[PDB]
J.: 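Below is one structure. I have some questions about it.
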Amino acid sequence: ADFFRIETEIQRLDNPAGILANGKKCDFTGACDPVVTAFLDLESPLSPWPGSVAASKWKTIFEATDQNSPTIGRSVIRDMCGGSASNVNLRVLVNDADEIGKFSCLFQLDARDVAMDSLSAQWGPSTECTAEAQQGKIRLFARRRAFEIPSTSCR
Ligand SMILES: [Mn+2]
Ligand SMILES: [Mn+2]
C-alpha cells in the first residue's frame, strides 16, 4: 500500500469544569469558547508535541461558544503517497476564544489498518488523546481510518 489516505475524526472534547490547561476557569460567568486547530503528523509522530510542524500553522477545524464539552465530528485528512508510513499522530490544539489543551492521538498504521478501498475502511475505535496537562480533566477523543487510493488522487 504505497498510496493511501488517512482520515482522523476529532469526535468530542469533554471539559466539565470548564477550565483552561493552566486550570483556571475559561469564563468566570460562562463556559469555554473552544477553538480547535489540528494537523496530522506523518513525519515526526513519535516526537514531543507539536511534532514536525508548528501549532500556529495548523488549520482551524471546529469552533463553539459557551460549550465546555462540544461534540465536534470533524475530520483531518492526510495522504501517504509513494511509500509506507508506520504510524501517524493527530496533534490538536484547543484554545478558549487561552490554552485549553494540547493533545496527541497517536495511531498505528499497520497493514491491518489500511483498507483496500474507501468503502471497506471501517472507522477504528474511539481513542482518547494524550494531553500535556489536566489528564482526565480535559479530554479529547478521536478515531482513524485508512484506505488505499489511486496514485493520481494522492495529495
Ligand atoms: Mn474522505
Ligand atoms: Mn465563554
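For this chain, numbers begin at 1 and follow the sequence in order. When reading the values below, keep in mind they use all heavy atoms of this one structure, side chains included, and skip hydrogens, waters and symmetry mates.
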J.: Treating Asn15 as the side-chain partner and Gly18 as the backbone partner, does any N or O pair qualify as donor plus acceptor under 3.5 Å?
T.: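 Yes, the answer is positive, given that a donor and an acceptor are paired below the 3.5 Å cut-off.
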J.: State plainly whether one hydrophobic cluster holds both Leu93 and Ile72, where clusters connect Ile, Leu, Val, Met, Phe, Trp and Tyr through side-chain heavy atoms under 4.5 angstrom apart.
T.: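 No, no single cluster joins them.
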J.: Side chain of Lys25, backbone of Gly30: donor and acceptor closer than 3.5 Å?
T.: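 The answer is no, because no donor-acceptor pair under 3.5 Å joins these two groups.
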J.: Checking the side chain of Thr127 only, and the main-chain atoms of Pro125 only, is there a donor and an acceptor separated by less than 3.5 Å?
T.: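 The answer is yes, because a donor-acceptor pair under 3.5 Å joins these two groups.
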J.: Taking all non-hydrogen atoms of both residues into account, name the closest pair between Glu148 and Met116 and its distance.
T.: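 Nearest pair, atom of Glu148 first, then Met116: CB-O, 3.2 Å.
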J.: Could you check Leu42, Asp2, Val114 and say which one makes a side chain to side chain contact (heavy atoms under 4.5 Å, CB included) with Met80?
T.: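 Going through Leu42, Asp2, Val114 one by one, the side chain to side chain contact (heavy atoms under 4.5 Å, CB included) with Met80 is satisfied by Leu42 alone.
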J.: Closest approach of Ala142 and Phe107, non-hydrogen atoms and distance?
T.: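 Nearest heavy atoms, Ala142 then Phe107: O-CZ, 3.6 Å.
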J.: Would you name the heavy atoms of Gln122 and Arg145 that are closest together and state the gap between them?
T.: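 Heavy atoms only, the tightest pair is O-CB, 3.7 Å.
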J.: Are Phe62 and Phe103 grouped together when hydrophobic residues (ILVMFWY) are joined by side-chain heavy atoms under 4.5 angstrom apart?
T.: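 As far as the 4.5 Å side-chain criterion goes, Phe103 and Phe62 are connected within one cluster.
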J.: Go through the steps for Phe4 and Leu109 under the test side chain to side chain contact (heavy atoms under 4.5 Å, CB included), then give the verdict.
T.: CA-CA 11 Å; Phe4 60 99; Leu109 297 172; 4.1 Å; yes
J.: If you take all heavy atoms of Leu90 and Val76, which pair is closest and at what distance?
T.: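 Scanning both residues, the minimum pair turns out to be CD1-CG2, 3.7 Å.
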J.: So which heavy atom on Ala121 is nearest to which on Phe147, and how close?
T.: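 Heavy atoms of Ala121 and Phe147 come nearest at CB-CD2, 3.6 Å.
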J.: Do other residues, nucleotides or ligands put more than 12 heavy atoms under 6.0 Å from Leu119 CG?
T.: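 Result for CG/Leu119: open.
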J.: What verdict does the side chain to side chain contact (heavy atoms under 4.5 Å, CB included) test give for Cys154 and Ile149, after you've listed the backbone C-alpha separation in whole Å, the side-chain angles of each residue and the deciding distance to 0.1 Å?
T.: CA-CA 7 Å; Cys154 210; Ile149 58 181; 4.3 Å; yes
J.: For the pair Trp58 and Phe39, name the ring-plane relationship: parallel under 30°, tilted 30 to 60°, perpendicular over 60°.
T.: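 It falls in the parallel class, under 30°.
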J.: With a 3.5 Å distance limit and no angle check, can you tell me whether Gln134 reaches the backbone of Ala21 through a side-chain donor-acceptor pair?
T.: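 The answer is yes, because a donor-acceptor pair under 3.5 Å joins these two groups.
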J.: How long is the gap from CZ on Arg12 to CD on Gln67, to the nearest 0.5 Å?
T.: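 One finds 14.0 Å between CZ of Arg12 and CD of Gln67.
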J.: Applying the 4.5 Å side-chain criterion to the ILVMFWY set and letting contacts propagate, would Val94 and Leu20 be lumped into a single cluster?
T.: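 Both belong to a single hydrophobic cluster.
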J.: Distance only, no hydrogens: is a donor on one side chain within 3.5 Å (strictly under) of an acceptor on the other, for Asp14 and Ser69?
T.: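 The criterion, which ignores hydrogens and geometry beyond distance, is satisfied for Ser69 and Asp14.
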J.: Check the surroundings of atom NZ in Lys59: do more than 12 heavy atoms from other residues, nucleotides or ligands lie under 6.0 Å from it?
T.: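 Enclosed: over 12 neighbouring heavy atoms sit under 6.0 Å from NZ of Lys59.
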J.: Quick test of your reading: applying salt bridge (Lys or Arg N to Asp or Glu O under 4.0 Å), list the pairs with at least one residue in residues 83-106, sequence neighbours left out, ordered by first then second residue.
T.: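 Pairs touching residues 83-106 that pass the test: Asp41-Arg91, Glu99-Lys102.
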J.: Is there a donor-acceptor contact under 3.5 Å from the side chain of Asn89 to the main chain of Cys105?
T.: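 Looks like yes, one N/O pair under 3.5 Å.
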J.: How far does CG of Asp113 sit from OG of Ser86, to the nearest 0.5 angstrom?
T.: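 Going from the CG atom of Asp113 to the OG atom of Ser86 covers 11.0 Å.
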J.: Roughly how far, to the nearest 0.5 Å, is NZ of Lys137 from CD1 of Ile19?
T.: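 Separation between the atoms: 5.5 Å.
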J.: Could you measure the distance from the CH2 atom of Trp123 to the OG1 atom of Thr8? Nearest 0.5 Å is fine.
T.: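 That separation rounds to 7.0 Å.
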J.: Any chance you could measure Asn95, atom CG, to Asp33, atom CG, to the nearest 0.5 Å?
T.: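 Interatomic distance, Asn95 CG to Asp33 CG, rounded to 0.5 Å: 11.0 Å.
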J.: Is the count of non-hydrogen atoms from other residues, nucleotides or ligands lying under 6.0 Å from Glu43 atom CD greater than 12?
T.: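 Counting other residues, nucleotides and ligands, CD of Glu43 stays at 12 neighbours or fewer.
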J.: Under a 3.5 Å distance rule, please check whether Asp27 uses its side chain to pair with a backbone N or O of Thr29 as donor and acceptor.
T.: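 Yes, because the side chain of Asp27 sits within donor-acceptor range (under 3.5 Å) of the backbone of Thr29.
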J.: Could you name each residue pair satisfying salt bridge (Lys or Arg N to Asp or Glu O under 4.0 Å) that touches residues 61-87, not counting sequence neighbours?
T.: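 Listed by first then second residue: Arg5-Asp79.
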J.: Do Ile100 and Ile61 share a hydrophobic cluster (ILVMFWY, side-chain heavy atoms under 4.5 Å, transitive)?
T.: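 As far as the 4.5 Å side-chain criterion goes, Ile61 and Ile100 are connected within one cluster.
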J.: From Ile10 CD1 over to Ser75 OG, what is the distance, rounded to the nearest 0.5 angstrom?
T.: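 One finds 7.0 Å between CD1 of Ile10 and OG of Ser75.
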